[PDB]
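Everything below concerns the one structure shown next.
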Amino acid sequence: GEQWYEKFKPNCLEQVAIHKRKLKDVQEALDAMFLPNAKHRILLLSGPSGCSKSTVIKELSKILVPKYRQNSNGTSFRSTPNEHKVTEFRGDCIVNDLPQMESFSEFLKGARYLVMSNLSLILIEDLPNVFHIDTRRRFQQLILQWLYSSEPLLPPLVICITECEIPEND
Amino acid sequence: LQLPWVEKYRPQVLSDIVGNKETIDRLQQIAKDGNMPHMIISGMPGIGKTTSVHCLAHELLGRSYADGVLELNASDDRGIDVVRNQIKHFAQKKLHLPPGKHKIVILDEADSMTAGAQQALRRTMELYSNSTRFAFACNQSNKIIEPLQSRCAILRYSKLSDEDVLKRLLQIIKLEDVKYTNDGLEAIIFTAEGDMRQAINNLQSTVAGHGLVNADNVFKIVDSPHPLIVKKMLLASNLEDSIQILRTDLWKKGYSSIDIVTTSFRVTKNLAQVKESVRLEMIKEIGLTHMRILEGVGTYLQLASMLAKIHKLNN
Amino acid sequence: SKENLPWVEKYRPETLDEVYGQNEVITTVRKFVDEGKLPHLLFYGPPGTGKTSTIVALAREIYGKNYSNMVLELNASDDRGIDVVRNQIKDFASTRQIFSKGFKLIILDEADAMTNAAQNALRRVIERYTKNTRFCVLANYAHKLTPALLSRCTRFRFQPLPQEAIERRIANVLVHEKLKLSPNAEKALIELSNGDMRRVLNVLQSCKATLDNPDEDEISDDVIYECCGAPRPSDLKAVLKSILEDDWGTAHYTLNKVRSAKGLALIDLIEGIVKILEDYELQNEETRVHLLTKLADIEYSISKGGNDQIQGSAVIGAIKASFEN
Amino acid sequence: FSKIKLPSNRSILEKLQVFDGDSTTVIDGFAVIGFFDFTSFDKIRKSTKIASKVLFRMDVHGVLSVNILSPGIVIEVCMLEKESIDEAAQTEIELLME
Amino acid sequence: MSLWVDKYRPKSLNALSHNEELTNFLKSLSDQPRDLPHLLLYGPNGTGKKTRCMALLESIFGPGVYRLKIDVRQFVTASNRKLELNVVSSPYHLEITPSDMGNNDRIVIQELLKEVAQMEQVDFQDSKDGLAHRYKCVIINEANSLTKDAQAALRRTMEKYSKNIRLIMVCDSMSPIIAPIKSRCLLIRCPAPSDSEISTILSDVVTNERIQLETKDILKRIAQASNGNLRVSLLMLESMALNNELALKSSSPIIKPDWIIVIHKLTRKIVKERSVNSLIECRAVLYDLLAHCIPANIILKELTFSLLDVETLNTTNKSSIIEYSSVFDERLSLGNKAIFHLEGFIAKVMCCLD
Amino acid sequence: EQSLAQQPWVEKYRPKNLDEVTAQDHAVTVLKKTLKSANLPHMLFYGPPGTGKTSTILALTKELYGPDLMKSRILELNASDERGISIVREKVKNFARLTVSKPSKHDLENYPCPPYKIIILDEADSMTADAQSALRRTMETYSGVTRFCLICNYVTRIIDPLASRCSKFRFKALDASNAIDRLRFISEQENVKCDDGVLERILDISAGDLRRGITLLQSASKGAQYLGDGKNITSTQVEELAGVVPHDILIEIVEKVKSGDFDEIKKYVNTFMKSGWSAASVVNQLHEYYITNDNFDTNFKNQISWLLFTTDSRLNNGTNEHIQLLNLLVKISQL
DNA sequence: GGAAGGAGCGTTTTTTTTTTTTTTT
Ligand SMILES: Nc1ncnc2c1ncn2[C@@H]1O[C@H](COP(=O)(O)OP(=O)(O)OP(O)(O)=S)[C@@H](O)[C@H]1O
Ligand SMILES: Nc1ncnc2c1ncn2[C@@H]1O[C@H](COP(=O)(O)OP(=O)(O)OP(O)(O)=S)[C@@H](O)[C@H]1O
Ligand SMILES: Nc1ncnc2c1ncn2[C@@H]1O[C@H](COP(=O)(O)OP(=O)(O)OP(O)(O)=S)[C@@H](O)[C@H]1O
Ligand SMILES: Nc1ncnc2c1ncn2[C@@H]1O[C@H](COP(=O)(O)OP(=O)(O)OP(O)(O)=S)[C@@H](O)[C@H]1O
Ligand SMILES: Nc1ncnc2c1ncn2[C@@H]1O[C@H](COP(=O)(O)OP(=O)(O)O)[C@@H](O)[C@H]1O
Ligand SMILES: [Mg+2]
Ligand SMILES: [Mg+2]
Ligand SMILES: [Mg+2]
Ligand SMILES: [Mg+2]
């Protein structure tokens with residue numbers, strides 16, 4: 001009982017349902033971001049539901065990450081090449097020794113290390129519970145700190161926000 | 001004790017559900033096939049949405065209904081923590097089911113779910129759609145956020161016709177051995193206004209009250225829907241007729257002025273015959289009267305003045 | 001202890017036989033309890049028609065004199081948010097009876113004051129536990145109730161009290177007390193009741209207080225008007241006649257004198273004149289339109305205070321202009 | 001579903017009796033199951049903290065009485081049982097106990 | 001130094017120089033101030049109501065009433081919104097302007113004033129034995145700007161604690177004052193000074209400042225331009241004297257508030273051209289005026305009376321203008337956003353003129 | 001002597017017992033007989049400003065309980081207090097459920113001491129509708145030990161269920177016919193010398209408000225004492241103190257309106273508003289002048305009555321006095 | 001060489017009470 005939208009998902013960038021000019025703009029922006037001293041640190045993608053934001057990001061990563069990832073000096077976690085081109089944040093993850101609002105803070109503190117031979121594209125689609133005021137403030141502070149960070153090396157950070165209206169709730 | 005007829009005669013199978021014949025046939029097809037996708041069921045109260053979803057789940061999962069169905073509604077805790085823990089653990093559960101069958105998460109009254117929980121459900125649906133499927137039930141389909149709607153097949157239920165209501169009422173009467181007359185069933189259907197829960201409740205009340213379901217016996221307890229009375233009042237060509245209707249049929253029967261004005265606004269919103277200018281002027285007058293009533297002047301004189309202004313607008 | 005209570009509470013019906021003016025509803029509920037097939041109930045009606053009294057009497061009949069142990073009553077004076085519905089109401093509805101005394105009863109008095117979220121939470125609580133529990137909702141304003149809750153409940157309308165029921169209750173009160181009431185006084189009391197028994201009882205208590213010697217003095221219509229400070233029908237008729245026949249100065253003087261004789265309020269005179277004119281045979285329909293609009297405007301202005309003399313002159317001028325058409 | 005079983009020894013379970021719902025006839029092989037919401041069952045934890053002995057007594061009407069003995073402080077807690085037990089819960093309980 | 005408005009401020013009842021009947025009434029009030037009722041002074045803005053209130057307080061207590069300090073009182077709303085109010089205090093009286101807190105003014109009445117009313121003022125007697133008690137005087141500036149809730153909250157505070165407190169409210173119009181509050185106060189009308197008295201005061205200031213005046217007609221023209229507002233008269237006198245090297249002449253221009261000239265230009269534009277684009281330009285002017293925190297009702301009144309002065313307009317146009325002004329003034333009073341009503345008034349005027 | 005003379009006359013002469021309340025006998029009789037019947041119902045006093053509602057309830061409580069017992073049997077809340085839904089559901093409910101306090105032997109021997117408490121909600125019309133609804137079942141459930149007294153000026157602001165629950169008492173307006181005796185007694189107590197008819201003029205000006213009349217009398221007495229000439233107070237002085245426009249100014253306004261020239265009316269109104277006259281008083285005087293004039297026809301009187309009503313409503317809404325007055329005068333001129 | 005089709009534009013954001021969820025404890 002496989003669903004069609006997953007069964008017939010694109011297997012290459014050529015099959016992504018994206019306007020050509022928008023695809024070119026996104027690809028150029030990401031490729032520039034992958035530079036050693038790229039001017040842009042965060043790529044923010046916004047739009048309506050189901051417009052191929054995450055899909056195009058993943059398809060572009062599948063090509064960009066191998067191109068720019070440095071070859072390991074005979075070192076890796078497991079025998080396989082560790083195909084982890086995209087590192088995604090999980091908002092429902094709960095660990096024993098961590099307050100909820102700090103979870104995102106932890107994620108970034110790890111994501112910082114995924115550079116050079118450990119290069120990976122950081123994707124933020126499942127955001128933290130930004131409806132909580134304190135959580136939203138912490139999220140904004142973390143984003144600002146990433147933007148203003150003095151670290152010489154950082155991985156490209158892509159934030160995909162699906163814009164929708166919140167129906168009135170009792 | 002004996003259960004009320006509304007709950008006693010709740011259908012157990014899809015075949016016993018009347019109305020929305022195409023929709024019920026599609027549900028039966030899904031039940032006999034197995035590959036159930038994420039679905040949303042929208043419609044007005046008391047037309048079989050909860051019954052349809054529960055019957056579909058029961059038929060799909062057979063003996064495995066207990067361990068394969070997770071039901072949550074507005075009376076249970078359904079916050080973001082619930083999505084994070086209970087729904088997540090249920091979706092992660094490895095359950096052996098017949099080929100083409102999946103675990104079902106029923107979210108009744110899903111419209112009332114909080115924004116944070118709805119946003120959290122996105123990742124759950126994305127990750128655990130292979131083994132889990134979601135059946136949302138609501139009255140307003142637009143109250144479910146668009147990202148969730150994007151994954152679900154929409155299914156809108158229409159108001160039940162008089163024929164299906166009569167058919168199921170006859171089935172219930174045959175089961176209960178109830179003496180009746182045709183006019184009584186017509187009156188019950190007219191008062192039900194397409195809501196079958198109300199139809200069954202009124203039938204039970206009438207059967208208890210007198211035993212024989214006649215039009216006069218039906219109208220002794222059940223009253224004609226007041227929206228139709230309000231429409232007749234508004235459409236009266238003479239101010240005297242409108243005032244007489246307002247007095248005899250609404251005010252003397254105990255209907256509150258606030259209810260009368262709210263119903264008047266709702267009815268005027270759907271007056272097809274009237275022109276747009278007249279309709280908007282009537283809406284303005286109704287709103288002014290409503291503002292006066294909210295301040296505390298909920299008197300019959302204010303409603304009479306509103307009717308007079310509406311009649312002036314007509315002329 | 002009952003003697004010290006106000007008459008509105010002292011004469012609260014204790015059994016369903018004491019509830020008057022609701023014969024159809026009362027018979028239906030009585031026979032439902034006789035057959036033990038009570039459904040979820042909604043009692044919709046205006047103030048002081050016997051909804052709370054009827055439901056309490058039904059609970060007493062069902063559970064005898066120990067109804068307080070298996071009846072959960074909640075009203076607007078208690079918090080009834082979604083948390084309350086989730087915890088307290090749900091736990092009560094999902095627990096067994098004290099002594100297996102059939103089903104439990106939950107009364108939500110003044111449910112039109114509950115929030116939308118709580119009402120939405122109530123739907124599945126009502127549906128799931130129907131076997132063990134039955135819900136009763138009471139309301140004066142149906143527009144505050146969600147469509148689902150209305151659909152789940154069997155509706156009963158409490159009409160404004162008919163005259164005969166009020167007369168029977170008044171006779172019962174008069175035999176209880178050592179009080180005498182005149183037929184004209186009773187007619188005036190019914191007319192001013194507007195189908196509310198609370199008003200009847202309060203006005204009767206005030207009238208008894210007014211009597212110098214209640215052991216022998218009889219209550220007349222004059223006593224009722226004094227206690228309520230309301231205009232007499234003759235005063236309204238005279239004011240209307242002067243407005244519709246005499247000149248502006250004469251009408252102004254007549255209104256001022258009629259008001260100063262007993263300190264009558266202008267709003268009461270307006271209401272009485274409106275009631276009188278509602279029966280007038282008008283050959284021109286624009287007159288009714290102008291009367292209704294202008295008098296409603298004057299009533300709304302009076303509700304916010306303002307100048308009394310200007311408002312009275314406005315009433316006079318509005319009536320004259322309307323009838324000049 | 002988890003289980004906590006008290007030992008069948010005269011130091012934690014002094015005595016246990018099932019009377020078939022009349023307090024007189026002792027019946028063997030019959031199991032009495034009482035379903036409660038933890039929000040109410042847990043309210044006796046503070047009393048048990050100081051308790052020296054506890055006596056459970058359940059009747060047929062779904063009422064459970066806990067007598068706590070700590071000259072002394074004596075506590076009585078009376079609670080009502082839930083309306084009914086779901087099929088899944090009954091199956092899980094039977095599997096746990098067998 | 002200090003502005004001439006404050007430099008020559010009278011500091012006593014005997015120092016007053018216009019509206020002698022009001023001065024005599026105030027003096028009569030101060031003869032036996034023990035049973036002084038609550039006072040409500042109403043009159044046109046800038047006529048000297050605060051000055052007369054201070055003179056009465058000085059007569060009752062002494063010059064020390066003029067030694068004023070400022071404190072900040074912190075309030076917290078239900079939503080935890082923290083905000084502050086300025087309390088002007090002297091050893092004998094307090095001064096507050098609750099309207100500065102907008103819709104939260106009622107809080108000021110419920111918490112601060114009530115407390116002031118509840119705390120009885122007692123002091124050790126210097127000579128006699130036992131304590132001595134004196135009621136506190138409180139001034140409420142801009143009383144007519146209070147919300148109805150604050151006015152309602154004032155009632156029982158004024159009544160129950162009359163021993164410990166006496167209120168002196170000041171307003172420009174009594175129309176927004178609820179009837180219960182007016183019932184609880186002694187109402188004092190404060191007429192504006194006549195042109196002759198304004199000219200006399202201005203001439204006294206000129207003599208004090210050694211400013212050369214060509215003729216006294218300049219003072220009369222300034223008084224006419226001020227429309228009875230003595231504060232404005234003094235401010236324009238100072239501005240004209242400074243801009244003319246302290247030598248006034250008949251040719252010296254009369255300086256008026258900038259927003260007034262802006263409204264005059266708006267009126268001229270409205271009369272000249274009447275179209276949708278003209279209406280949009282008028283809306284831009286109105287928004288610019290509102291950006292300076294000019295009250296909407298004041299803008300409407302000034303625009304209406306500027307329009308009524310145009311000579312080309314006829315009787316029918318003026319009648320329609322005043323009708324629309326009244327209707328839209330009521331709408332502003334009952335409304336939430338003033339832009340709708342001002343734009344509607346301008347549109348109606350454009351329709352009537354064209 | 002100074003201590004007694006340290007209060008405004010309105011508070012100084014507030015009625016102490018129910019006997020001192022004037023012109024409200026229709027309700028005072030019932031309240032008085034309640035002292036013997038001990039059958040006090042829930043009360044809803046409603047009426048225009050300064051008619052004796054708060055005074056009546058305070059006197060009733062004092063007579064029922066006394067100086068000592070009152071402190072434990074009375075709970076008073078007014079507009080100056082917080083009265084949200086939470087307050088109604090917690091504090092009012094707790095007090096209504098409180099057990100009746102034990103009277104002392106002195107209290108029992110000196111006062112009736114009925115076996116219930118009293119909750120007074122002054123200015124009840126300021127409470128929200130939801131908060132009012134929160135009182136409905138509290139009033140009924142605890143009527144055996146608690147009685148409620150709501151007081152208001154606008155009865156329509158009280159929700160219908162609460163009005164139904166409460167026995168209603170309408171306080172009448174106090175005018176020169178029913179309140180003259182109290183004002184004359186107050187004047188005699190203070191040795192206020194006035195010309196014949198001055199008290200009636202004060203009562204007529206006050207328009208149903210005895211508090212305003214007492215304040216006006218006190219102001220006139222203060223003026224006379226300061227003058228110290230020994231002459232009796234005059235109606236002209238009372239009118240001047242009350243803010244009544246002089247007859248000559250009203251006549252000038254009437255002639256200007258009769259002329260019908262918009263510009264002259266505008267100039268005269270601009271000059272007139274400098275004096276600071278309250279628009280309400282001018283409108284009332286114009287209504288009195290025109291409505292009682294015999295030189296105008298029926299149509300004119302109808303139109304002017306409607307115009308005056310509209311202007312008065314607009315002013316009550318809190319509008320600019322100058323604009324409304326000019327509009328009214330222009331409209332009358334076009335009649 | 002005309003359509004037809006499509007992209008980018010046209011933006012910012014507390015406040016009264018009352019109720020509710022969320023998070024950390
Ligand atoms: N040709 C296609 N192009 C793009 N997406 C496709 C295509 N075929 C199938 N899909 C699927 O359609 C879905 C929509 O694409 P997404 O990129 O996930 O949507 P979106 O723009 O990210 O908005 P949200 O936030 O996911 S609701 C994905 O699950 C894709 O795998
Ligand atoms: N189509 C139908 N056929 C037969 N009985 C029906 C039908 N619709 C409603 N009923 C009866 O009404 C009862 C309630 O049906 P539900 O499906 O729970 O109502 P609903 O459509 O879910 O309305 P909401 O959204 O829950 S308020 C059932 O138990 C039946 O007795
Ligand atoms: N049908 C009736 N028969 C006899 N007395 C009645 C009747 N209805 C009301 N009363 C009297 O009025 C009192 C109030 O009745 P309730 O039933 O509490 O009013 P209600 O119908 O609940 O109105 P609401 O909705 O609470 S404002 C009772 O205690 C009786 O004294
Ligand atoms: N009926 C009366 N008899 C005697 N004095 C009265 C009467 N009414 C008012 N007064 C006087 O006016 C003062 C105020 O009386 P209140 O009882 O507070 O009037 P009120 O009805 O409460 O006015 P509101 O509604 O609060 S504006 C009293 O202290 C008396 O001096
Ligand atoms: N009798 C007077 N002699 C001289 N100046 C006066 C007199 N009365 C008022 N003023 C001046 O008018 C100015 C404003 O008066 P103010 O009391 O602020 O008006 P408002 O009544 O608007 O409060 C003061 O600065 C004061 O100098
Ligand atoms: Mg995606
Ligand atoms: Mg449903
Ligand atoms: Mg009730
Ligand atoms: Mg009062």
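By convention in this document, chain letters (A, B, ...) are assigned in the order of the sequence lines, proteins followed by strands, and residues within each chain are numbered from 1.
- Screening residues 102-112 of chain E for salt bridge (charged side-chain N to carboxylate O under 4.0 Å, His left out) gives E/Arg106-E/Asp149 as the qualifying pairs, with residues at least two apart or on separate chains.
- For G/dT11, the base adopts the syn conformation, since its glycosidic angle falls within 90 degrees of zero.
- Nucleotide G/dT21 carries a south sugar; the sign of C1'-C2'-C3'-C4' is negative.
- Partners of F/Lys93 by side chain to side chain contact (heavy atoms under 4.5 Å, CB included), not counting sequence neighbours, listed by chain and number: C/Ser77, C/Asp78, F/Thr138.
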Mark up nucleotides 16-25 of chain G, 5' to 3', with B wherever a protein heavy atom is under 4.0 angstrom from a base atom, S wherever such an atom reaches only the sugar-phosphate, and - elsewhere.
-> SSSSSSBSS-
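- Judged as a salt bridge (charged side-chain N to carboxylate O under 4.0 Å, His left out), the pairs with a partner in residues 112-128 of chain C (not counting sequence neighbours) are, in order, B/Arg10-C/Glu127, B/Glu109-C/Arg123, B/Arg197-C/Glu127, C/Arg124-C/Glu127, C/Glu127-C/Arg152.
- A/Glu163 places its CD atom 16 Å from the P atom of G/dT13, with the value rounded to the nearest Å.
- Between G/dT25 and G/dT21, the two P atoms lie 23 Å apart (nearest whole Å).
- In this structure, the side chain to side chain contact (heavy atoms under 4.5 Å, CB included) partners of E/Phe340, at least two apart in sequence or on a different chain, are E/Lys337.
- Contact annotation: A/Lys22 side-chain N/O to G/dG8 OP1/OP2 distance is under 4.0 Å.
- A donor atom on one side chain and an acceptor atom on the other are found under 3.5 Å apart for F/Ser80 and F/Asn78.
- Every residue two or more places apart in sequence or in another chain was checked for a ring pair (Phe, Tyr, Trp, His ring centres under 6.0 Å) with B/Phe90, and none qualifies.
- Using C1' as the reference atom, G/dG1 and G/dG5 are 16 Å apart when rounded to the nearest Å.
- For G/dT13 and G/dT14, a centre-to-centre distance below 5.5 angstrom together with a plane angle below 30 degrees is not found for the six-membered base rings.
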